[PDB]
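Colleague: First, the structure itself, so that you have it in front of you.
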There are 6 protein chains.
Amino acid sequence: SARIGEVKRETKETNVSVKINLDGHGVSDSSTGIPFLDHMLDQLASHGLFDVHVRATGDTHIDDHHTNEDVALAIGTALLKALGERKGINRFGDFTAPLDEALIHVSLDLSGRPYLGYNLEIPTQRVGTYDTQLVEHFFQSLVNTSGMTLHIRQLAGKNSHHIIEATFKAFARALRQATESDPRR
Amino acid sequence: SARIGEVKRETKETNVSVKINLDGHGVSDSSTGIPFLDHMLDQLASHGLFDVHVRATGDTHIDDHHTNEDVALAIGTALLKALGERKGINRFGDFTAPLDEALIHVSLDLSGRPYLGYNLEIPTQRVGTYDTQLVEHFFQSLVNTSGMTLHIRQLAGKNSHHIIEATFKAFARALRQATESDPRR
Amino acid sequence: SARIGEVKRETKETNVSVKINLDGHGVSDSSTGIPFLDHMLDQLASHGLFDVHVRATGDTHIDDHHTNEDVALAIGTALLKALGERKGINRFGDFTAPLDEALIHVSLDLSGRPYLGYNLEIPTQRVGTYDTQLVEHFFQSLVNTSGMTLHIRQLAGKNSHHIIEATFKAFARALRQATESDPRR
Amino acid sequence: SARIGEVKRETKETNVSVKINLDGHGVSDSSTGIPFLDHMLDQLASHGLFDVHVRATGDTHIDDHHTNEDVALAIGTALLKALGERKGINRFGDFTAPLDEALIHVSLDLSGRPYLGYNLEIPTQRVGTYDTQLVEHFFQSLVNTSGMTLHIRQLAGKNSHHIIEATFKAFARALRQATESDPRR
Amino acid sequence: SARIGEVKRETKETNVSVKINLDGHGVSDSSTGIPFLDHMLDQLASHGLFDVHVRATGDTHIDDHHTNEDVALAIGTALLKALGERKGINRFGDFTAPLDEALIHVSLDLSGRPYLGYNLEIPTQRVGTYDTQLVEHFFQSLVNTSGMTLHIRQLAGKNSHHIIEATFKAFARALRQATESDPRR
Amino acid sequence: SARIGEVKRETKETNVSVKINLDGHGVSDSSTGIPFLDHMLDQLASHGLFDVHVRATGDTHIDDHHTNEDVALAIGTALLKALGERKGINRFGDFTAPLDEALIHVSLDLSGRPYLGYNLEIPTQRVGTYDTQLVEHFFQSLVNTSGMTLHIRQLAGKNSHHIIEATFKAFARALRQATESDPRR
Ligand SMILES: [Cl-]
Ligand SMILES: [Cl-]
Ligand SMILES: [Cl-]
Ligand SMILES: [Mn+2]
Ligand SMILES: [Mn+2]
Ligand SMILES: [Mn+2]
Ligand SMILES: [Mn+2]
Ligand SMILES: [Mn+2]
Ligand SMILES: [Mn+2]
Ligand SMILES: [Mn+2]
Ligand SMILES: [Mn+2]
Ligand SMILES: [Mn+2]
Ligand SMILES: [Mn+2]
Ligand SMILES: [Mn+2]
Ligand SMILES: [Mn+2]
């Protein structure tokens with residue numbers, strides 16, 4: 001029986017719907033109003049083998065910040081819901097992924113205690129129209145509602161898109177590991 | 001009897017109308033042609049319990065600068081008008097507000113002598129489409145027409161939107177304090 | 001009608017019961033198995049005018065860590081419960097308190113987003129039998145379950161007991177401010 | 001047929017009995033006379049899925065050193081015995097585990113050649129009553145009798161209990177990996 | 001049906017034949033005219049569970065460079081051929097292996113885009129008769145024809161043979177992981 | 001008989017068609033969806049006397065990265081195809097071109113071994129709407145599919161458009177030299 005979490009959340013600023021299947025096939029269905037974030041959520045699905053359905057609208061004329069934040073918060077809650085009683089899972093994930101010259105290590109523990117350790121140094125301010133400060137905020141907000149211990153470490157990288165995408169690949173693979181069944185539990 | 005100041009000001013560059021109620025309920029009604037500034041003026045209303053009505057148009061195809069400046073000048077004048085004879089008010093305000101990792105101290109004196117002390121270090125050039133140099137200019141122009149002594153001190157912060165928004169929260173709360181009745185005066 | 005939050009939480013390591021009245025009279029009733037923590041919780045009650053009832057037992061033969069953490073987590077949850085819908089409160093608190101040569105600034109926002117900014121430099125490892133690393137962990141854990149934005153800044157201090165106690169005084173006064181009714185809301 | 005190693009060792013200073021099942025269920029049964037070490041050995045069992053039975057007595061009135069050392073030596077020998085001919089196992093283990101802000105990488109090879117690489121910087125001298133110098137000595141002594149190549153690397157951390165516990169989690173998971181069957185061997 | 005790639009390549013300088021089975025049993029059959037390289041290719045087979053058959057002759061009286069390069073190029077092509085359509089594989093590999101005091105991290109992606117990140121600092125010029133500059137060139141040439149993203153990071157090490165051998169162990173294990181079936185794909 | 005290479009390549013992200021005549025007249029016919037890249041490809045044609053026909057579409061709403069990369073990859077392949085057996089050509093090219101204050105040296109070898117040496121320091125993040133990180137990626141991707149040894153050295157320059165355009169002029173002239181007939185071969 002697949003582990004599925006669903007969240008709908010509305011504020012004056014944003015409207016967000018998330019559905020995540022931890023036992024998915026990598027089905028990617030994300031439309032946030034932030035194209036670069038959509039691309040990253042596609043990576044989350046494809047590299048994590050999650051099914052990810054996201055819809056968001058919001059006040060992107062002000063900036064992408066509120067949308068990005070509210071999407072992340074809802075994803076964190078959806079993950080928490082999907083995990084249920086967390087019985088029999090690996091709990092810990094650890095993966096280091098490259099994307100060309102970029103190399104990003106992610107380690108996480110589905111601990112119930114939120115913590116983000118993050119040291120990315122993204123050398124440009126905009127990837128497409130996406131404000132690169134928002135990457136940290138995405139992970140911070142996700143951690144806060146999921147109750148995840150998450151460390152993200154930049155080991156190499158120069159191209160901003162590579163750095164951010166490698167982060168999502170590594171995160172997805174680490175989260176896949178953590179959420180999967182431990183065969184001895 | 002509520003303290004209300006109104007200003008209409010037209011130049012070749014901009015057209016601005018401001019109405020501020022110092023004894024308001026936080027009614028936010030701001031449309032400047034600069035969405036991020038609108039968002040900040042909403043914070044001013046909600047955190048200061050001012051009623052803030054602003055309309056502006058201007059030469060935003062050149063850049064947001066003239067609009068931002070002329071809005072600020074008019075707000076400063078409206079504040080001055082609303083304050084009237086300044087009898088029986090606290091006069092001084094002092095508040096430090098966070099927004100997540102950002103922490104901003106504002107101290108002000110409704111002194112009749114303009115002065116801005118400002119040390120924000122906003123680490124990105126654009127929040128949405130808003131040029132972050134314009135934050136200092138907003139406060140400088142406001143001080144100049146209001147005749148306010150204003151100090152803004154960045155105690156912490158990394159996210160530009162957080163830094164700027166925390167500034168407006170702290171300013172609003174400090175200005176609320178300064179404009180309110182001193183119960184012993 | 002007084003705002004009261006109650007939490008009972010048991011783990012393999014600890015057993016904790018907390019009851020907090022936000023609208024209290026400073027009634028202090030704290031027994032955690034960690035005498036220095038009891039003393040600090042007494043300060044929280046007396047300086048914040050909270051009624052604080054805490055009972056904890058745990059694995060203090062290993063060290064005080066699990067007890068300290070679980071007490072803090074439960075207090076954060078109790079605060080959250082007590083706050084209820086958070087209508088009409090100040091929400092923000094800001095206070096700087098001395099204790100002799102020590103001087104500690106606390107700023108907080110009852111925001112729903114956990115964040116701790118903390119820069120205390122406590123110059124000794126043990127105050128009585130209390131491990132001074134546990135002060136940061138107390139506030140971090142409290143923030144995490146309460147969903148509080150909390151900044152703690154050491155402005156001066158040399159004596160470890162003074163530094164820590166001044167922190168609790170400042171925190172208590174800032175939290176009192178934040179939880180109290182805003183008379184214009 | 002489960003791989004079980006047993007050691008009894010007596011000196012003038014200490015008396016130690018160890019039984020370890022490499023193919024266990026995480027049964028934790030450790031009483032060394034050093035409560036913090038007991039807690040760490042519980043982590044070894046739970047995170048490694050070893051069954052760990054330890055009893056020790058010794059000259060803890062002098063300090064915990066001889067007990068800690070003799071426990072570690074006996075565990076290393078028990079591991080060696082349990083491994084038997086080492087046929088068909090992964091041999092290598094590599095895992096990085098967090099505990100909140102702490103992040104510890106362990107890499108090991110069941111090589112038959114003892115080596116410890118260790119760079120932990122534990123910022124306090126006592127965790128509970130446990131001398132934090134003894135952590136290095138525990139791993140060194142274990143390596144020496146097991147004939148293990150072991151590298152322990154502190155990637156992040158501030159709280160001493162977190163640093164040490166994360167080390168044991170990472171070690172346990174790496175040792176589980178190394179001792180498990182390689183499905184292609 | 002085992003994935004086997006075969007390459008024969010002749011130049012004026014060298015003559016090389018390679019056959020690699022990705023689904024092997026660790027059969028090592030390598031004779032390049034460079035004994036140290038043979039030893040490393042044996043590690044590749046044994047730690048990766050590849051079957052590796054290599055024969056090379058060349059102008060080693062000039063130096064080992066052309067042989068080393070042409071062997072590496074052919075291995076990269078053989079890997080590419082063996083991988084075929086790359087369907088259903090893990091694609092990514094990440095492993096850190098010790099050899100006594102040496103500790104080497106390898107991360108790779110079978111991406112189709114060649115990239116080598118390499119930071120080994122091998123402290124001697126010759127291991128046996130093998131020029132230690134040739135290690136980097138081996139991996140660079142392999143990457144270039146395989147279309148692999150490869151990062152090699154020296155975490156510790158002093159003995160040149162240990163450093164280089166640990167690199168091949170880590171690489172072999174990471175490449176095994178990447179080339180193996182993903183059980184959910 | 002003119003040396004013409006043609007490539008059509010489609011991915012989920014981009015659709016690219018390239019036709020290059022090494023023995024051209026400088027016919028420029030490039031439409032990539034990235035106006036600045038079009039301008040640079042026009043320089044390639046005019047300064048190299050290549051006929052360059054490029055059409056690309058792609059996911060430029062995410063950013064220009066995938067388009068830029070896929071165009072470059074296809075150009076590299078087209079060059080490789082056009083070169084055919086590479087008989088009788090100069091093979092090496094070396095040219096240094098100014099554009100006002102900018103001065104860029106390009107040296108290349110049509111070697112069959114991909115390598116990019118690149119040290120441009122482009123002082124602004126956007127030239128028009130073009131992300132200046134993409135210049136390095138363009139040349140890297142081109143090198144990777146063409147099998148070119150390419151060195152790009154910034155000798156002087158301040159204006160980003162000048163720096164990048166001078167690079168394309170120098171590259172075009174060096175590539176013209178390398179691809180032309182050696183009159184003694
Ligand atoms: Cl590392
Ligand atoms: Cl201060
Ligand atoms: Cl030169
Ligand atoms: Mn935010
Ligand atoms: Mn991408
Ligand atoms: Mn101006
Ligand atoms: Mn905002
Ligand atoms: Mn803890
Ligand atoms: Mn005291
Ligand atoms: Mn000793
Ligand atoms: Mn513990
Ligand atoms: Mn060479
Ligand atoms: Mn060897
Ligand atoms: Mn790319
Ligand atoms: Mn031009």
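The count begins at 1 with the first shown residue.
This entry, so its header tells us, was determined using X-ray crystallography, 1.3 Å.
Cβ coordinates are placed from backbone N, Cα and C, and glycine is handled just like the others.
Per Swiss-Prot, the features are:
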BINDING   C:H39, C:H66, C:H161, C:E165  Mn(2+) 1 binding site
BINDING   C:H65, C:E69, C:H137, C:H162  Mn(2+) 2 binding site
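Give me the structural setting of these features: burial, nearby parts and distances.
Modeller: According to DSSP, C:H161 (Mn(2+) 1 binding site) is assigned to a helical segment. Contacts of C:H161 (Mn(2+) 1 binding site) defined by a Cβ separation under 8 A and a same-chain sequence distance of 6+ are given as C:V127, in order along the sequence.
Less than 8 angstroms from the CB of C:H162 (Mn(2+) 2 binding site) sit C:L99, C:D100, C:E101, C:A102, each of them six or more residues away in the same chain.
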Colleague: Which of the binding-site residues C:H39, C:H66, C:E165 has its Cα nearest to the Cα of C:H137 (Mn(2+) 2 binding site)?
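Modeller: Result: the closest of the binding-site residues to C:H137 (Mn(2+) 2 binding site) is C:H66.
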Colleague: To the nearest whole angstrom, state the Cα distance for the pair C:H39 (Mn(2+) 1 binding site) and C:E69 (Mn(2+) 2 binding site).
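Modeller: C:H39 (Mn(2+) 1 binding site) and C:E69 (Mn(2+) 2 binding site) have their Cα atoms 16 Å apart.
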Colleague: Is C:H66 (Mn(2+) 1 binding site) helix, strand or coil when read with DSSP?
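Modeller: In three-state terms, C:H66 (Mn(2+) 1 binding site) counts as helix.
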Colleague: Only counting partners 6 or more residues apart, tell me which same-chain residues put their Cβ under 8 Å from the Cβ of C:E69 (Mn(2+) 2 binding site).
Modeller: C:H137, C:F138, C:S141
Colleague: Can you check which residues sit near C:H66 (Mn(2+) 1 binding site), meaning Cβ under 8 Å from its Cβ, same chain, 6 or more apart in sequence, and list them in order?
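Modeller: Long-range Cβ contacts: C:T11, C:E13, C:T14, C:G58, C:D59.
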Colleague: At a 10 Å cut-off from the C-beta of C:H39 (Mn(2+) 1 binding site), count the other C-beta atoms across all protein chains.
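Modeller: C:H39 (Mn(2+) 1 binding site) is surrounded by 18 other Cβ atoms within 10 Å.
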Colleague: Taking each of the binding-site residues C:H65, C:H137 in turn and counting other Cβ atoms within 10 Å of its Cβ, which one has the fewest?
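Modeller: Looking at the binding-site residues C:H65, C:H137, the Cβ with the fewest others within 10 Å is that of C:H137.
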Colleague: Neighbour count, 10 Å Cβ-Cβ cut-off, for C:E165 (Mn(2+) 1 binding site): what number do you get?
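Modeller: Around the Cβ of C:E165 (Mn(2+) 1 binding site), 22 other Cβ atoms lie within 10 Å.
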Colleague: Select from C:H39, C:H65, C:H66, C:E69, C:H161, C:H162 the binding-site residues whose C-beta atom falls under 8 Å of at least one C-beta in chain D, and return them in sequence order or as 'none'.
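Modeller: Answer, by Cβ distance to chain D: C:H65.
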Colleague: Could you measure between C:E165 (Mn(2+) 1 binding site) and C:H65 (Mn(2+) 2 binding site) for me? Cα positions, answer in whole angstrom.
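Modeller: C:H65 (Mn(2+) 2 binding site) has its Cα 19 Å from the Cα of C:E165 (Mn(2+) 1 binding site).
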